[PDB]
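S.K.: Questions regarding the structure given below will be posed in turn.
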Amino acid sequence: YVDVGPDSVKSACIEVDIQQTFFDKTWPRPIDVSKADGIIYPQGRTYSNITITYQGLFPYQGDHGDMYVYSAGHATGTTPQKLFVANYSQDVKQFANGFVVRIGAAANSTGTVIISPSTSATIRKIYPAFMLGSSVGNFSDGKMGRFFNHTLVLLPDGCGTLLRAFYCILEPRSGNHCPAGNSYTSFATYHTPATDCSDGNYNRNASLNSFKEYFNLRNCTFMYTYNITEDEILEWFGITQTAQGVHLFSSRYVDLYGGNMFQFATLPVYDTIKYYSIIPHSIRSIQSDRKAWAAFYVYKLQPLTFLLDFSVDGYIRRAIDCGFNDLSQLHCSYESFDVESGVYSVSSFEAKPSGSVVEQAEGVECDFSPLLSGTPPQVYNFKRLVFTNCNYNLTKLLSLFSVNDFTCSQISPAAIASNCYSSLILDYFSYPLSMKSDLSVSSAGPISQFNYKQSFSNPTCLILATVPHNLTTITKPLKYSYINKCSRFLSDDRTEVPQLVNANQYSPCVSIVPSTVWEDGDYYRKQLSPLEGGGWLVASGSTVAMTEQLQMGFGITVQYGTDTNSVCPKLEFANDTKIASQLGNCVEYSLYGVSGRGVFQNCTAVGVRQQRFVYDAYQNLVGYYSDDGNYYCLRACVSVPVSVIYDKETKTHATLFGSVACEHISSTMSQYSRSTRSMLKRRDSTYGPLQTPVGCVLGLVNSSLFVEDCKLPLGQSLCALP
Amino acid sequence: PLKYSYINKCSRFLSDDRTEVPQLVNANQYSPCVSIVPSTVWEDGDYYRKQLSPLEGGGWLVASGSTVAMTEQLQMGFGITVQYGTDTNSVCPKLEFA
Numbered sequence: 018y019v020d021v022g023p024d025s026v027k028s029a030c031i032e033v034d035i036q037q038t039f040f041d042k043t044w045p046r047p048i049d050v051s052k053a054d055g056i057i058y059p060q061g062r063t064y065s066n067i068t069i070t071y072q073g074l075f076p077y078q079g080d081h082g083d084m085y086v087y088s089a090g091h092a093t094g095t096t097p098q099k100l101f102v103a104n105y106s107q108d109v110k111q112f113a114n115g116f117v118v119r120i121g122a123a124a125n126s127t128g129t130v131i132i133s134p135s136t137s138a139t140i141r142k143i144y145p146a147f148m149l150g151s152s153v154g155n156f157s158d159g160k161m162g163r164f165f166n167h168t169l170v171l172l173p174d175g176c177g178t179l180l181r182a183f184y185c186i187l188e189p190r191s192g193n194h195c196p197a198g199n200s201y202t203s204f205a206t207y208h209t210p211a212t213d214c215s216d217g218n219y220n221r222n223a224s225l226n227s228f229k230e231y232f233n234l235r236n237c238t239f240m241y242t243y244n245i246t247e248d249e250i251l252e253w254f255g256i257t258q259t260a261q262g263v264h265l266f267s268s269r270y271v272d273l274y275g276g277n278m279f280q281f282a283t284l285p286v287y288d289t290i291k292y293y294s295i296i297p298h299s300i301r302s303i304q305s306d307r308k309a310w311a312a313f314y315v316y317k318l319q320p321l322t323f324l325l326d327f328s329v330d331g332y333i334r335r336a337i338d339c340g341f342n343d344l345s346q347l348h349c350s351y352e353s354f355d356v357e358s359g360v361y362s363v364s365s366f367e368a369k370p371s372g373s374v375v376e377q378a379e380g381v382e383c384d385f386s387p388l389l390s391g392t393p394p395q396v397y398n399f400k401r402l403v404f405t406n407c408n409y410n411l412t413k414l415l416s417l418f419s420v421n422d423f424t425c426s427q428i429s430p431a432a433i434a435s436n437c438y439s440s441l442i443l444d445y446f447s448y449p450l451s452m453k454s455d456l457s458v459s460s461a462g463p464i465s466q467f468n469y470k471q472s473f474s475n476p477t478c479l480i481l482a483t484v485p486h487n488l489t490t491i492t493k494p495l496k497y498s499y500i501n502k503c504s505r506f507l508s509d510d511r512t513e514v515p516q517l518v519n520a521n522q523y524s525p526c527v528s529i530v531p532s533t534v535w536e537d538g539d540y541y542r543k544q545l546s547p548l549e550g551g552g553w554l555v556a557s558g559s560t561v562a563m564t565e566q567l568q569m570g571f572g573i574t575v576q577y578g579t580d581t582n583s584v585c586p587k588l589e590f591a592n593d594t595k596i597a598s599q600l601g602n603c604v605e606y607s608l609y610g611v612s613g614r615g616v617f618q619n620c621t622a623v624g625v626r627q628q629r630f631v632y633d634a635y636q637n638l639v640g641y642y643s644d645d646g647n648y649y650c651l652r653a654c655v656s657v658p659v660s661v662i663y664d665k666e667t668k669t670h671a672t673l674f675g676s677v678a679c680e681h682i683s684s685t686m687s688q689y690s691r692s693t694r695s696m697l698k699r700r701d702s703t704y705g706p707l708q709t710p711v712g713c714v715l716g717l718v719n720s721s722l723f724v725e726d727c728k729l730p731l732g733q734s735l736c737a738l739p
Numbered sequence: 494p495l496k497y498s499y500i501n502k503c504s505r506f507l508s509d510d511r512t513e514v515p516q517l518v519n520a521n522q523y524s525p526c527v528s529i530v531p532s533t534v535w536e537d538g539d540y541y542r543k544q545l546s547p548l549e550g551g552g553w554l555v556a557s558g559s560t561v562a563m564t565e566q567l568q569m570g571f572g573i574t575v576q577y578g579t580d581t582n583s584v585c586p587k588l589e590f591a
């Protein structure tokens with residue numbers, strides 16, 4: 018492994034107080050794509066001043082990003098105090114094909130200290146620290162953001178002029194305020210300007226030393242270092258991951274002024290990254306020497322395509338996010354940054370999805386009603402009902418009795434009610450509660466030995482319960498009974514062999530024992546034929562007095578199909594929204610396995626009735642006969658055409674929604690055809706939609722002027738002045 | 494190795510303990526089950542499970558594997574792939590230019 022050097026000796030750490038409410042600030046930074054903000058230069062190639070389309074990962078143009086700020090820790094007088102930091106350590110983020118950042122953007126300006134904002138200190142660039150890896154979870158104190166196995170460490174050391182990278186296993190420390198300790202709050206790292214960054218000795222290990230105070234490096238597999246120099250100019254940086262491993266990008270090495278990112282470095286690690294977090298950092302400087310720091314930003318990559326305006330000097334200077342709005346699509350369609358004026362078609366609205374409507378056969382029902390009448394059998398004589406291909410609700414069945422024992426082996430008692438199975442089998446018998454200690458598949462008692470047993474090849478279960486006073490069709494035995502002996506005497510009339518009951522089967526002795534045992538300790542015998550090898554069947558039984566309500570026991574077993582699980586607990590919209598119909602909009606549907614999306618309406622009937630599905634010559638479903646006896650018809654769904662008026666001379670635009678009319682038009686769209694409508698809103702935030710003979714429009718204005726040729730006619734007598 | 498071995502299962506059980514969904518390996522990447530599976534499979538048909546946190550979306554990770562007897566001389570396999578770049582094409586056969 019890599020020689021990173023020794024773990025700091027003390028296990029102790031500086032206390033970290035979370036002050037996150039102090040850090041709420043509003044400084045958003047949308048991407049200025051016309052300035053090529055955030056653009057990663059294409060790999061390995063260059064071009065002349067020709068514009069080209071390109072596809073690759075890019076930040077979304079409209080995203081204002083995630084913003085964060087590093088700050089000084091607490092200090093008073095001339096000395097340090099415990100750290101005050103933002104809660105960014107708790108902010109686990111999902112990795113999503115990499116990210117890019119902006120660094121130092123507030124340089125040559127002023128702001129406030131934030132943690133002690135009254136100071137109004139000027140603000141400057143700090144290089145960020147980050148951690149990446151394949152898994153996250155709770156710290157032993159339940160704290161957010163612990164990472165597992167090896168993780169990436171992107172850590173600057175001391176001044177921004179030194180950068181280091183690592184792939185290594187962190188180990189928790191048991192000192193006060195540290196990760197294995199229970200005095201831990203949150204992880205942080207720090208820099209101390211009193212000795213760090215001396216101008217005669219920059220402290221090359223400074224950030225690492227404070228990093229080591231919270232974690233012991235272990236099993237390290239990689240380390241790297243880089244040389245950086247100070248520059249107040251804004252920088253871009255970012256990370257991607259490929260099957261060739263992780264790569265690092267920066268604008269600093271190649272394009273200080275144009276800002277185009279280039280692959281600054283690469284890393285040997287190709288282990289997939291699933292998560293990302295920002296490591297908090299703080300300044301340990303004297304209270305009057307504290308300095309405010311610049312806002313920093315993060316944006317997420319997406320598989321976008323763009324126009325790129327290469328400069329003759331090969332830097333990309335301008336770009337168009339094709340999918341941001343319809344105008345951007347128009348430019349991409351013509352592969353240019355200057356479309357000639359005209360009216361142009363753009364893609365239609367998708368309309369919108371709505372909640373589903375489904376109709377399928379229901380009510381299969383599950384045989385169970387035999388349990389509710391007559392006298393139940395003695396436990397050795399239990400009755401069985403086998404169920405396949407049908408619908409049930411065991412918890413409804415069990416609410417007909419008061420349950421005094423609900424247990425199973427190899428399934429939870431709750432899960433067997435809620436799981437589909439290929440079959441469901443129920444055994445039932447009368448059974449006194451006085452014998453309940455002897456009812457288990459594992460019991461030492463005579464009930465498990467000779468009366469009832471259940472297989473361990475399936476997840477069976479048992480139940481004890483009693484009958485409510487309103488179940489008057491149930492009747493009870495004179496005494497509860499069971500077999501307490503069952504053996505066969507061997508034919509030599511001295512040797513004897515016990516006959517424990519077979520799983521899921523009647524004992525052989527049930528054939529000699531009477532349907533109930535008349536008295537406690539009654540016994541019977543049967544001579545066996547020479548075909549049996551001779552001998553005598555021998556059996557005996559015992560009883561419990563009858564009670565004011567019948568007491569009962571049950572056995573349940575199931576078989577789970579691999580793909581044959583027919584028996585399920587279907588409900589006919591119990592505890593549900595009753596989605597058998599809507600009338601109506603455009604919500605996806607399924608009708609006996611036929612599916613599509615559309616609007617239903619209560620129309621008239623057409624034949625042939627009871628063929629269910631009416632179709633046209635193109636096989637579009639026309640309509641459907643519901644099991645409520647009503648014909649409904651289907652128009653599927655519709656879309657809204659859109660077009661745009663483009664005035665290149667003023668570089669302005671307005672829109673037309675066509676035939677749809679302004680009743681369905683609103684200031685924003687819930688449907689939707691493009692990621693934004695905001696380019697219309699630049700002037701149309703102040704105006705209502707206007708209705709015209711061709712269709713509803715936005716930003717058109719009723720001037721009622723008469724002009725012979727507007728160069729942008731909308732057809733008809735509509736005309737459209739610049 | 495003592496035995497040659499491999500993973501023959503890697504799926505996540507649904508939190509309701511009935512439904513289960515397979516996790517097929519990504520091209521050119523380790524399967525996610527490697528975090529719980531032992532460096533070699535100690536016995537044919539060994540399997541392991543991990544409860545998953547609500548942060549993980551719930552359920553149980555489930556994985557299993559199989560083994561093959563060792564041989565007198567080691568047997569090996571290789572996968573080889575190449576990448577064409579544009580200005581990064583620095584890997585070549587030794588030059589014949591002399």
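Chains as they are written, first to last, in UniProt numbering: chain P, 18 to 739; chain C, 494 to 591. C-beta atoms are modelled at their ideal positions from N, C-alpha and C, and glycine is treated no differently.
Tell me where the beta strand (DSSP E) around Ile500 of chain C begins and ends.
M.R.: In the second sequence, residue 500 of chain C corresponds to position 7, counting from 1. Where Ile500 of chain C is concerned, the enclosing beta strand (DSSP E) stretches over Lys496 to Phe506.
S.K.: Could you work out which residues of chain P lie near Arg542 of chain C, taking near to mean beta carbons separated by less than 8 Å?
M.R.: What you label residue 542 of chain C is simply residue 49 of the second sequence in a count that begins at 1. Correct list: empty, because the minimum Cβ distance to chain P is about 15 Å.
S.K.: Consult DSSP for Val315 of chain P and reduce its assignment to one of helix, strand or coil.
M.R.: In the first sequence, residue 315 of chain P corresponds to position 298, counting from 1. Strand.
S.K.: Which stretch, first to last residue, makes up the alpha helix (DSSP H) that contains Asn226 of chain P?
M.R.: Residue numbering aside, residue 226 of chain P sits at position 209 when the first sequence is read from its first letter. Unbroken alpha helix (DSSP H) run through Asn226 of chain P: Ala223 to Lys229.
S.K.: Between the segment 422-448 of chain P and chain C, which residues of the former have CB atoms less than 9 Å from a CB of the latter, in chain order?
M.R.: Hits within the stretch, in order: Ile428, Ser429, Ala432, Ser435, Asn436 and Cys437.
S.K.: On the DSSP bridge list, what partners appear for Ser88 of chain P?
M.R.: On the first sequence, residue 88 of chain P is found 71 positions in, with the first residue counted as 1. Answer by DSSP bridge pairing, in chain order: P:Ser299.
S.K.: Could you tell me the boundaries of the alpha helix (DSSP H) in which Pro173 of chain P lies?
M.R.: One-based indexing of the first sequence puts residue 173 of chain P at position 156. Taken as a continuous stretch (DSSP letters only), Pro173 of chain P belongs to no alpha helix (DSSP H), being part of the beta strand (DSSP E) at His167 to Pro173.
S.K.: Taking the beta strand (DSSP E) that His81 of chain P belongs to, which residues open and close that run?
M.R.: By one-based count along the first sequence, residue 81 of chain P stands at place 64. No beta strand (DSSP E) contains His81 of chain P, which DSSP labels as neither H nor E.
S.K.: With a floor of 3 residues, list each beta strand (DSSP E) that falls wholly inside the segment 215-294 of chain P, ordered by position along the chain.
M.R.: The segment 215-294 of chain P contains these whole beta strand (DSSP E) runs: 232-244, 252-259, 262-267 and 279-283.
S.K.: Between the beta-carbon of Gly538 of chain C and the beta-carbon of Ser508 of chain C, is there less than 7 Å?
M.R.: Sequence index remark: in the second sequence, residue 538 of chain C carries index 45 (1-based). Sequence index remark: in the second sequence, residue 508 of chain C carries index 15 (1-based). Taking 7 Å as the Cβ cut-off, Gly538 of chain C and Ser508 of chain C do not qualify as a contacting pair.
S.K.: Please list, in chain order, the chain C residues whose beta carbon lies closer than 8 Å to that of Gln466 of chain P.
M.R.: If you number the first sequence from 1, residue 466 of chain P lands on position 449. What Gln466 of chain P touches in chain C: nothing, since even the nearest Cβ is about 32 Å away.
S.K.: Please identify, using Cβ separations under 9 Å, the residues of the segment 510-544 of chain C that lie next to chain P, in order along the chain.
M.R.: Within the segment 510-544 of chain C, the residues whose Cβ lies closer than 9 Å to some Cβ of chain P are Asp510, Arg511, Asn519, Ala520, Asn521, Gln522, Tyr523, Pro525 and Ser528, listed in chain order.
S.K.: Is there a Cβ of chain C sitting closer than 7 Å to that of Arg62 of chain P, yes or no?
M.R.: To locate residue 62 of chain P, count along the first sequence from 1; it is residue 45. Closer than 7 Å to some Cβ of chain C, the Cβ of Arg62 of chain P qualifies, so yes.
S.K.: Could you check which residue in P:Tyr499, P:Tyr523, P:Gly572 and P:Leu567 has the C-alpha nearest to that of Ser557 of chain P?
M.R.: Against the first sequence, residue 557 of chain P aligns to sequence position 540. With distances taken between Cα atoms, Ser557 of chain P lies closest to P:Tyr499.
S.K.: Find the nearest neighbour of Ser583 of chain P within the set P:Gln395, P:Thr405, P:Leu417 and P:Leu707, judged by alpha-carbon distance.
M.R.: Locating residue 583 of chain P in the first sequence gives position 566, where the first residue counts as 1. The option with the nearest alpha carbon to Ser583 of chain P is P:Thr405.
S.K.: For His670 of chain P, which residues does DSSP report across the bridge?
M.R.: Within the first sequence, numbered from 1, the residue matching residue 670 of chain P stands at position 653. Beta-bridge pairing links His670 of chain P to P:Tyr663.
S.K.: For a cutoff of 7 Å on Cβ pairs, would you count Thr238 of chain P as touching chain C?
M.R.: As a working note, residue 238 of chain P is residue 221 in the first sequence. So no, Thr238 of chain P is outside the interface.
S.K.: Closer than 7 Å, CB to CB, is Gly550 of chain C near chain P or not?
M.R.: Counted from its first residue, the second sequence places residue 550 of chain C at position 57. Cβ-Cβ to chain P under 7 Å: no for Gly550 of chain C.
S.K.: Applying the 10 Å Cβ sphere with the 16-neighbour rule, what's the burial state of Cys526 of chain C?
M.R.: Here residue 526 of chain C is taken as the residue at index 33 of the second sequence, counted from 1. Buried is the call here.
S.K.: Name the chain P residues whose beta carbon is nearer than 9 Å to that of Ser546 of chain C?
M.R.: To locate residue 546 of chain C, count along the second sequence from 1; it is residue 53. Those are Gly154 and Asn155, listed as they occur along chain P.
S.K.: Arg163 of chain P bridges to which residues according to DSSP?
M.R.: Your numbering for residue 163 of chain P matches position 146 in the first sequence. In the DSSP output, where bridge partners are listed per residue, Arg163 of chain P has P:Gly154.
S.K.: So, with DSSP's three-state summary, where would you put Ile464 of chain P?
M.R.: What you label residue 464 of chain P is simply residue 447 of the first sequence in a count that begins at 1. Residue state, collapsed to three classes: helix.
S.K.: Among P:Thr63, P:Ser607 and P:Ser676, which residue has its Cα nearest to the Cα of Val374 of chain P?
M.R.: Translated into the one-based positions of the first sequence, residue 374 of chain P becomes position 357. For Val374 of chain P, the nearest C-alpha among the options comes from P:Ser607.
S.K.: How about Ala311 of chain P and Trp44 of chain P: are their beta carbons less than 7 Å apart?
M.R.: Here residue 311 of chain P corresponds to residue number 294 of the first sequence, with the count starting at 1. Here residue 44 of chain P corresponds to residue number 27 of the first sequence, with the count starting at 1. No; because the gap between Cβ atoms is not below 7 Å, this pair is not in contact.
S.K.: Can we say the segment 565-582 of chain P touches the segment 527-535 of chain P, given the rule of at least three CB pairs closer than 8 Å?
M.R.: Cβ pair count under 8 Å is below three, so no.
S.K.: For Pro710 of chain P, which residues of its own chain have a beta-carbon under 6 Å away from its beta-carbon, when the five flanking residues on both sides are left out?
M.R.: On the first sequence, residue 710 of chain P is found 693 positions in, with the first residue counted as 1. These residues qualify, in order along the chain: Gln733.
S.K.: Could you check if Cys727 of chain P is buried or exposed, using at least 16 other CB atoms within 10 Å of its CB as the buried criterion?
M.R.: Reading the first sequence from its first residue, position 710 is the one you call residue 727 of chain P. Its Cβ having fewer than 16 others within 10 Å, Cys727 of chain P is exposed.
S.K.: Report the three-state DSSP secondary structure of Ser371 of chain P (helix, strand or coil).
M.R.: Position 354 of the first sequence holds residue 371 of chain P. Three-state DSSP puts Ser371 of chain P in coil, outside helix and strand.
S.K.: Mind checking which residues open and close the alpha helix (DSSP H) that includes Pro430 of chain P?
M.R.: Here residue 430 of chain P corresponds to residue number 413 of the first sequence, with the count starting at 1. Its alpha helix (DSSP H) spans residues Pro430 to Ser435.
S.K.: What's the call for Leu225 of chain P, buried or exposed, on a 16-neighbour Cβ count within 10 Å?
M.R.: Within the first sequence, residue 225 of chain P is the residue found at index 208, counting from 1. Flag for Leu225 of chain P reads buried.
S.K.: For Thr139 of chain P, which residues of its own chain have a beta-carbon under 8 Å away from its beta-carbon, when the five flanking residues on both sides are left out?
M.R.: Working through the first sequence from its first residue, we reach residue 139 of chain P at position 122. Excluding positions up to five away in sequence, the list reads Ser126, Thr127, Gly128, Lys308 and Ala309.
S.K.: So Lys369 of chain P and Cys603 of chain P are in contact, right, with Cβ under 8 Å, and what is the actual spacing, rounded?
M.R.: Along the first sequence, read from residue 1 onward, the residue named residue 369 of chain P stands at position 352. Along the first sequence, read from residue 1 onward, the residue named residue 603 of chain P stands at position 586. Confirmed, Cβ separation roughly 7 Å.
S.K.: Between which residues of its own chain and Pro515 of chain C is the CB-CB distance below 6 Å, once the five residues before and five after are set aside?
M.R.: Along the second sequence, read from residue 1 onward, the residue named residue 515 of chain C stands at position 22. Correct list, in chain order: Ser504.
S.K.: Tell me, which residues are paired with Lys400 of chain P by DSSP?
M.R.: Taking the first sequence and counting its residues from 1, the one referred to as residue 400 of chain P is at position 383. Answer is P:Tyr445.
S.K.: Between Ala113 of chain P and chain C, is there a C-beta pair that is closer than 7 Å?
M.R.: Within the first sequence, residue 113 of chain P is the residue found at index 96, counting from 1. False, the Cβ-Cβ gap to chain C never drops below 7 Å.
S.K.: With C-beta atoms as the reference, is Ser294 of chain P less than 7 Å away from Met278 of chain P?
M.R.: Counting from 1 along the first sequence, the entry for residue 294 of chain P is found at position 277. Counting from 1 along the first sequence, the entry for residue 278 of chain P is found at position 261. No, these two residues do not count as a Cβ contact at 7 Å.
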